[PDB]
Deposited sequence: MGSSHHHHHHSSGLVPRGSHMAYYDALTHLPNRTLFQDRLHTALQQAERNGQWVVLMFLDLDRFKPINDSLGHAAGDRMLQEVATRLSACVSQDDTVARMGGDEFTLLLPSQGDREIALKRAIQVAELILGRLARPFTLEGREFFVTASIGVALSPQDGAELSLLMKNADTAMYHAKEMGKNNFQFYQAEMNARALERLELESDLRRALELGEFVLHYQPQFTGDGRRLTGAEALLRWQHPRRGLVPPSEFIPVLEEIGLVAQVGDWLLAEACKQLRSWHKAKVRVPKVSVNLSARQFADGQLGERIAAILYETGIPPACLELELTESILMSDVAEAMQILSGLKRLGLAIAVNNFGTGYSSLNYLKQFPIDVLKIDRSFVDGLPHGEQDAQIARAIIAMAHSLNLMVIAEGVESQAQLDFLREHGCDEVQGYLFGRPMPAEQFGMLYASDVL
């Protein structure tokens, strides 16, 4: 009438089925996703302590690999199973499965000492995802077992998803994460510049710096592809640091040659905003280049400000103490969330394109914008809109008081030289 495994203190086929079924019904109601993992480890001879003892160690390792709502179990022999339930969507479930899989492989890569000597262990994993690889327990298990057998016949110390989609995906992510790793050391990062104009569109008020990746096989990569991954792994600080140096050194270069760009706007991410050396670095750059901090505008999202308000207060304070302007961006609206930015030392409000896309044919968008502009004005903030495509948008914005503007109606982002030439005087 057993419920768990004696040897490993891990649940057993009966309970992992009850919890899998349970999590599947749960995922069926709450419309969520479920990660099922099958693990095979690869007693003789002379091995019956190792089988007893190795299995235990592997179970200890497996437990320390996945989250508590998650479940590690054993289904006889060398074979273990994992359950990662309550996943929001296919994306985060895929990612979670990846992380769990390759940590397990790295854990099990660790030596085992049993009968006084070291021994290594191979493990092959197959991963199936509900409700896609099966809305049902037995089907999902058949398919996870299948994926494990493919992973197995393919080699040792590897994992494979049931769907080829996920494998190709994972591989691509690995390639991206590796090439990204080389890029900065190599020097494959270049800065493009989209210019900012007055609400009317006459005089130039600045230049937004945009990070670009000049990959010699992929040419220039789409930021939407590499920027997330870049920030997802701890690389976004050194790069962001090079960036800053380059942008300041450009403004200074620009001003001293053929171009008057009164300021440059650089956007920051979660990590490099919370990077404790941001001030020591920015002050050092501002020092070396020789440009007034007012000519450097830093840009943030609300998601970044409101993730940790208490921290944001201190970083933003320490940054304003330099003399530079703070810009804030994107999501709402959601108006006294304007109230919420009142509590900060901000100088600039920046309207995301998702608001301008409805201008001025979408009346709600037209009026929502108009609200944003007025209330941002009330807090003495500068308002600039992004994604100005048509004259119909530009006209509206200028006729309603949007101080600055930027977008594609004025052209595409470009290198610094061509920038300095396209707005030389």
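Peer 1: Identify which parts of the deposited sequence carry no C-alpha coordinates, going from the N-terminal end onward.
Peer 2: Holes in the chain trace, numbered from 1: 1-20, 63-67, 451-453.
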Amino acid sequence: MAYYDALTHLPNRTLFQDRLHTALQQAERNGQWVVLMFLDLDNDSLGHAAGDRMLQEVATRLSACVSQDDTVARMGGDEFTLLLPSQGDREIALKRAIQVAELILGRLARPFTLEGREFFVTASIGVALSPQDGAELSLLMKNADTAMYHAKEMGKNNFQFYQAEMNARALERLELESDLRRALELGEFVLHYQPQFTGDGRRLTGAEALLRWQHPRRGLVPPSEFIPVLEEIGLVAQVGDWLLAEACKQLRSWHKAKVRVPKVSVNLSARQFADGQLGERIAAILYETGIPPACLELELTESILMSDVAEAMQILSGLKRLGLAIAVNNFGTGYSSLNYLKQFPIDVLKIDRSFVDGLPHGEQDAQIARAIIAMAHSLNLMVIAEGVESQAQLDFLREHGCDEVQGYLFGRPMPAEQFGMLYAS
From here on, numbers count along this sequence of modelled residues.
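Peer 1: Out of 131-139 and 171-179, which one has CA B-factors that are higher on average in the deposited record?
Peer 2: Result of the comparison: 131-139.
Peer 1: I need to verify one thing: averaged over C-alpha atoms only, is the B-factor higher for 32-40 or for 390-398?
Peer 2: Averaging CA B-factors over each stretch, the winner is 32-40.
Peer 1: Highest CA temperature factor in the entry: which of 290, 279, 240, 76?
Peer 2: So the option with the highest C-alpha B-factor is 290.
Peer 1: For the C-alpha B-factor as written in the entry, point me to the maximum among 351, 154, 270, 259.
Peer 2: Comparing C-alpha B-factors across 351, 154, 270, 259, the maximum falls on 259.
Peer 1: Compare the C-alpha B factor of residue 83 with those of the other modelled residues in its chain, then answer lowest, middle or highest third.
Peer 2: Middle third.
Peer 1: How does the C-alpha B factor of residue 363 compare with the rest of the chain: lowest, middle or highest third?
Peer 2: It falls in the bottom third of the chain.
Peer 1: For residue 112, does the deposited CA B-factor place it in the lowest, middle or highest third of the chain?
Peer 2: Middle third - that is where residue 112 ends up once the chain's C-alpha B-factors are sorted.
Peer 1: What third of its chain's C-alpha B-factors does residue 253 belong to: lowest, middle or highest?
Peer 2: Residue 253: CA B-factor falls in the highest third of its chain.
Peer 1: Tell me, lowest, middle or highest third: where does the Cα B factor of residue 410 rank within its chain?
Peer 2: Its C-alpha B-factor belongs to the lowest third of this chain's values.
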